[PDB]
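Student:
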RNA sequence: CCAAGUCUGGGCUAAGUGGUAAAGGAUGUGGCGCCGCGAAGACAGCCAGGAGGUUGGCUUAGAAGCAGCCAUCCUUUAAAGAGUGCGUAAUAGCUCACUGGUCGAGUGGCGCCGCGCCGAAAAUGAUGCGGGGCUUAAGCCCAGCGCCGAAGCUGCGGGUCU
RNA sequence: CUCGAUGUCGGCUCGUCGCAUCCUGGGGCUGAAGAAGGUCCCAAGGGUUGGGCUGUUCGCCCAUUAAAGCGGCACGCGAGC
RNA sequence: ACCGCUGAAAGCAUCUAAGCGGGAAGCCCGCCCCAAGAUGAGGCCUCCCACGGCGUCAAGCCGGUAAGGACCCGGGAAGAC
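Chains as they are written, first to last, in the deposited numbering: chain BH, 7 to 170; chain BE, 38 to 49, 61 to 87, 93 to 112, 171 to 190, 192 to 274, 291 to 312, 314 to 320; chain BO, 1 to 122; chain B9, 2 to 36; chain BQ, 9 to 12, 15 to 36, 41 to 76, 82 to 157; chain BN, 4 to 88, 90 to 110, 131 to 141.
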């Protein structure tokens with residue numbers, strides 16, 4: 007039960023939903039094992055089960071959709087924290103070049119779609135087009151570089167804490 | 038023919065800087081017989102006679176560059193194998209024959225107080241009571257001397273022509305001088 | 001070479017004479033004490049109580065073995081004898097002095113200490 | 002850990018189902034409940 | 009149901027050794047209690063115990084009453100080996116006739132004692148049934 | 004390649020059961036059934052434990068051996084062949101049936137492949 | 001595989017349970033009763049003050065809910081908090097056990113069940129009997145329907161003793 | 001079942017499974033910083049040493065080591081000692 | 001095992017049923033060693049050409065083709081034969 011604001015070109019064929027937009031050129035999939043919902047100026051959930059089970063099944067799609075959109079129009083952002091009294095980073099090459107001891111930093115690449123940013127060496131973060139494909143990779147590096155909370159330092163999901 | 042190969046020269061070491069023993073290997077270009085491809094259908098080996106004079110007494172790089180020498184007319188000088197390299201060779205065991213479970217297969221024999229007792233050579237046992245008759249496990253006097261032996265990390269040091293021949297890093301060609309040697314540097318690790 | 005209870009004299013003065021070879025030092029398996037190597041044996045007998053004393057738990061190394069040592073120099077070397085030197089956990093001799101020569105070796109596996117004390121290192 | 006016999010620590014430690022499996026969860030290394 | 015040799019020739023006339031009945035406190043209505051369904055020469059000891067640990071965790075008002088009590092017993096190894104077995108006693112109890120009035124957590128509003136007994140069941144052995152009485156438990 | 008047109012069939016979706024069942028059925032009587040489809044095929048949901056059982060055909064290796072095919076092709080091999088015995093006819097009855105992957109002549133593609141497909 | 005309904009009816013399984021196991025667990029799932037409310041516009045979102053005499057007794061060197069043994073009451077007022085809770089040396093912050101605007105139509109609780117997942121580790125190699133089977137797949141429960149199948153019982157005919 | 005007979009302890013050799021795993025990797029836990037330990041979940045590949053004294057296994061002792069495993073199969077093996 | 005992402009049913013959370021990834025001396029592959037007698041006898045190249053007379057679907061009896069092979073001899077780290 008939602009919307010499809012400005013530009014959300016929508017094509018639901020075979021079970022795939024093709025969503026074209028601004029900086030959100032995206033082609034996602036969407037179950038044939040249920041009921042589609044689209045009307046050119048809105049859209050929503052289809053009850054191919056109406057029953058608790060599948061109920062949620064779409065009770066998820068809903069979001070799903072919600073994603074396509076917000077994703078197709080305004081892309082996503084993951085806020086990362088560079089907390090290292092030694093570690094540090096600042097883009098380099100078509101990827102990131104973080105560092106945190108060891109000896110060999112590392113170059114990480116946001117394959118077509120994903121795209122990282124070095125607002126300022128210390129902190130960084132990613133802006134993709136699919137919260138999905140984002141949060142993941144976004145993190146897949148947030149760890150990539152041990153956050154070790156033994157006493158405070160390392161890559162950490164924005165809004166963390168400490169320890170003892 | 039996908040590879041490169043010839044026979045055992047022999048062994049001897062000598063020189064270097066610390067010194068080192070290898071082995072000699074004979075083989076110019078033993079001509080080029082067709083070439084491997086399973087195209093349009095089943096393709097593998099042809100034969101547009103162009104061989105020796107006797108032979109009718111019995112009448171994609173590796174293989175590729177081949178095309179280079181196998182279409183030249185037949186032969187194909189050996190030696192990309194250059195200065196400091198790792199092919200691999202597959203000798204032919206050595207008519208050693210049918211022997212006792214002794215050398216054939218590592219094993220301790222007739223001990224002392226009975227390590228002689230006109231006693232001696234002969235395995236210890238087979239299978240328990242309940243288990244079941246026998247296993248295809250424990251080898252046996254599994255003849256040897258004929259095995260299609262070979263190995264790995266086969267480093268070649270140098271070569272020269274006067291007679292197309294190769295010098296080797298540690299021999300153990302398996303089979304004996306005048307023997308059938310085929311080399312390669315397969316999935317090398319020292320790479 | 002040189003294990004179980006093969007015996008070998010001293011060349012240093014630690015206060016020894018000869019020593020039985022318990023273990024070849026290094027790690028599991030292993031079956032051999034070849035000069036440079038380090039042995040886990042004891043006194044078969046030692047002077048009149050210099051400082052060591054007969055039957056004393058010990059630690060010694062390799063420097064004289066008629067087993068013949070093949071020098072990377074495709075060369076060959078051996079001795080009329082088989083014995084070595086005691087040591088202080090810290091691969092460090094005791095004998096204040098040396099005796100029969102020895103072989104580069106040592107150096108290669110740490111010991112100078114004797115390396116030079118030695119009357120002659122072959 | 003306890004594989005067998007898990008039942009709610011912290012006044013939160015949740016009840017989750019992974020692989021039909023039931024493994025305790027709650028904001029504490031001191032709860033890593035699993036069976 | 010093998011039982012013993016007689017009430018005064020083999021082993022009959024004891025105190026069975028245990029820790030008496032009543033505990034907790036009164041209570042006119044509130045029916046708070048425990049019973050079973052399992053059959054078993056209720057493991058004396060195990061028994062005695064159990065119930066007790068019950069008080070161990072509570073203390074005062076909650082009919083810590085309990086309507087059980089063994090009074091016969093088994094026997095086994097003593098003498099030759101396995102054959103013609105004489106008899107050496109040990110371990111009396113009582114048949115928990117496939118369920119019945121166990122002990123009572125009886126009192127007005129004092130679940131602080133219900134949980135107790137509860138702790139009492141946990142223990143025990145043969146499963147146990149958690150229940151209430153005429154009215155329930157308040 | 005090309006053959007007759009005797010037992011002209013295929014596969015896909017259906018229930019990888021009675022499926023073969025008759026296959027033979029006519030596998031018996033005295034007929035040749037050359038079809039194909041493998042992948043398309045079908046069989047019990049519970050994929051997972053789905054791909055297990057037949058991986059039980061997978062590494063079921065007994066010194067004495069115990070291959071256990073690794074392409075749809077088989078799956079049907081077993082099964083079917085299962086329907087029959090092993091004296092003459094049966095046997096032959098196993099040469100008389102034949103299937104294949106995509107298409108040579110005018131959930132059933134995962135367990136295999138999975139364990140070999 | 002081997003003869004006989006991939007019968008029909010209406011439930012229940014989403015683990016291959018079926019194809020061995022107990023105590024002991026858990027908003028699994030499906031069907032039954034209870035306490036409180038949604039126009040004192042309800043549980044989990046969000047704005048805010050997160051009340052005072054409560055800082056009582058053993059031990060105090062520290063109970064002063066947030067060491068533990070006993071209390072469990074009073075209040076001026078929007079009600080309450082015998083202050084269940086993370087702590088520190090006791091004190092010192094948050095958290096509901098409280099409700100306005102913005103939502104708005106079903107939200108939390110225990111008893112009764114029928115199905116089901118962790119506990120449940122083994123020695124040659126693997127197992128429903130085998131191939132196999134997930135709303136006739138098939139399992140399991142309750143309903144009607146017709147076919148199989150003994151040397152048993154009818155038909156055929158002979159045998160034989162009382 | 002076997003007395004018209006299955007030759008029994010330990011050793012030797014040749015081993016083969018198994019996992020409740022000793023060494024070994026992977027993990028989560030800790031009253032874990034490091035390092036090293038403890039706790040428990042996943043994995044058997046490979047591997048898991050010389051002597052001593054004892055008929056012994058077991059076991060204690062000596063020097064190692066990453067380690068110096070528990071147990072199957074008539075507590076495997078006498079038509080093999 | 002073990003760790004995460006995207007998100008239902010529980011309008012708040014959740015590695016989760018469905019969607020996507022992380023992660024082991026371990027499985028599969030890869031590296032060597034066979035090996036279609038795997039009766040599903042596999043591929044391919046390079047040779048040989050239609051001989052005789054007899055009743056038959058004579059797919060049966062003879063010269064053959066050194067294509068070709070053999071046997072006997074002489075020899076081999078090939079080897080009991």
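Each residue gets a CB set at the ideal place from its N, CA and C atoms; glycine is no exception.
Between the C-alpha atoms of residue 41 (chain BQ) and residue 121 (chain BQ), what's the straight-line distance to the nearest angstrom?
Tutor: Here the alpha carbons of residue 121 (chain BQ) and residue 41 (chain BQ) stand approximately 18 Å from one another.
Student: For residue 157 (chain BH), count neighbouring Cβ atoms within 10 angstroms of its own Cβ and tell me buried if that reaches 16, exposed if not.
Tutor: Exposed is the label assigned to residue 157 (chain BH), since fewer than 16 other Cβ atoms lie within 10 Å of its Cβ.
Student: Evaluate contact between the region 22-39 of chain BO and the region 6-21 of chain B9, counting only Cβ atoms and requiring at least three cross-stretch pairs below 8 Å.
Tutor: no
Student: With 16 other CB atoms within 10 Å as the buried threshold, where does residue 175 (chain BE) fall?
Tutor: exposed
Student: Quick check on this structure: which residue in 117 (chain BQ), 154 (chain BQ) and 146 (chain BQ) has the alpha carbon closest to the alpha carbon of residue 128 (chain BQ)?
Tutor: 154 (chain BQ)
Student: Tell me where the alpha helix (DSSP H) around residue 76 (chain BO) begins and ends.
Tutor: Here residue 76 (chain BO) belongs to no alpha helix (DSSP H); instead the beta strand (DSSP E) covers 75-77.
Student: For residue 14 (chain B9), which beta-bridge partners are listed by DSSP?
Tutor: For residue 14 (chain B9), which the question treats as bridged, DSSP gives no partner whatsoever.
Student: Taking the alpha-carbon positions, what's the residue 263 (chain BE) to residue 309 (chain BE) distance?
Tutor: 12 Å
Student: By the three-class DSSP mapping on this structure, what secondary structure does residue 74 (chain BH) have?
Tutor: helix
Student: Taking C-beta to C-beta, are residue 63 (chain BN) and residue 132 (chain BN) nearer than 8 Å?
Tutor: no
Student: Within the continuous beta strand (DSSP E) that includes residue 120 (chain BQ), where are the two ends?
Tutor: 120-123
Student: Are the CB atoms of residue 49 (chain BQ) and residue 156 (chain BQ) nearer to each other than 8 Å?
Tutor: no
Student: Which residues in chain BO have a C-beta closer than 8 Å to the C-beta of residue 67 (chain BE)? List them in chain order.
Tutor: 72, 73 and 74
Student: Report the option in 247 (chain BE), 71 (chain BE) and 217 (chain BE) whose CA atom is closest to the CA atom of residue 269 (chain BE).
Tutor: 71 (chain BE)
Student: What do you get for residue 124 (chain BO), buried or exposed, if any count of 16 or more other CB atoms within 10 angstroms of its CB means buried?
Tutor: Shown here, chain BO extends from 1 to 122; a query on residue 124 (chain BO) therefore has no answer.
Student: So, helix, strand or coil for residue 115 (chain BO), using DSSP?
Tutor: helix
Student: Please classify residue 55 (chain BQ): does DSSP put it in a helix, a strand, or coil?
Tutor: When DSSP states are grouped into helix, strand and coil, residue 55 (chain BQ) belongs to the strand group.
Student: Per the contact definition of three or more C-beta pairs closer than 8 Å, is the region 68-83 of chain BN in contact with the region 18-27 of chain BN?
Tutor: yes
Student: Beta carbon of residue 246 (chain BE), beta carbon of residue 239 (chain BE): below 8 Å?
Tutor: yes
Student: Pick helix, strand or coil for residue 141 (chain BH), following the three-state DSSP scheme.
Tutor: helix
Student: Do you know offhand how far residue 28 (chain BN)'s Cα is from residue 54 (chain BH)'s?
Tutor: The straight-line gap from Cα to Cα measures roughly 39 Å.
Student: Taking DSSP's pairing of strands, which residues face residue 84 (chain BO) in a bridge?
Tutor: Beta-bridge pairing links residue 84 (chain BO) to 10 (chain BO) and 62 (chain BO).
Student: Of the choices 197 (chain BE), 234 (chain BE) and 81 (chain BE), whose alpha-carbon is the least far from that of residue 252 (chain BE)?
Tutor: 234 (chain BE)
Student: Considering residue 55 (chain BN), what are the terminal residues of the alpha helix (DSSP H) in which it resides?
Tutor: Segment 50-61, the alpha helix (DSSP H) holding residue 55 (chain BN).
Student: Going straight from the alpha carbon of residue 129 (chain BH) to that of residue 14 (chain BH), what length do you get?
Tutor: The straight-line gap from Cα to Cα measures roughly 33 Å.
Student: For the putative contact between residue 186 (chain BE) and residue 61 (chain BE), defined by C-beta atoms under 8 Å, what is the C-beta separation to the nearest angstrom?
Tutor: Between residue 61 (chain BE) and residue 186 (chain BE) the Cβ distance is about 31 Å, and since that is not below 8 Å, they are no contact.
Student: Could you spell out the range, first to last residue, of the alpha helix (DSSP H) harbouring residue 96 (chain BO)?
Tutor: Note, residue 96 (chain BO): premise wrong, no alpha helix (DSSP H); not H, not E.
Student: Checking 8 Å against the spacing of the C-beta atoms, do residue 298 (chain BE) and residue 69 (chain BE) come in under that value?
Tutor: yes
Student: To the nearest angstrom, report how far apart residue 72 (chain BQ) and residue 93 (chain BH) are at their CA atoms.
Tutor: Residue 93 (chain BH) has its alpha-carbon roughly 57 Å from the corresponding atom of residue 72 (chain BQ).
Student: Along chain BO, in chain order, which residues have C-beta atoms closer than 8 Å to that of residue 61 (chain BE)?
Tutor: 74
Student: Let me check one thing: in DSSP terms, what residues is residue 85 (chain BQ) bridge-paired to?
Tutor: 122 (chain BQ)
Student: With which residues is residue 100 (chain BH) paired in a DSSP beta bridge?
Tutor: 98 (chain BH)
Student: Cβ atoms of residue 65 (chain BQ) and residue 139 (chain BQ): under 8 Å apart, would you say?
Tutor: Yes, these two residues count as a Cβ contact at 8 Å.
Student: List the residues that DSSP assigns as beta-bridge partners of residue 3 (chain BH).
Tutor: The displayed coordinates of chain BH run from 7 to 170. Any statement about residue 3 (chain BH) would go beyond what the structure contains.
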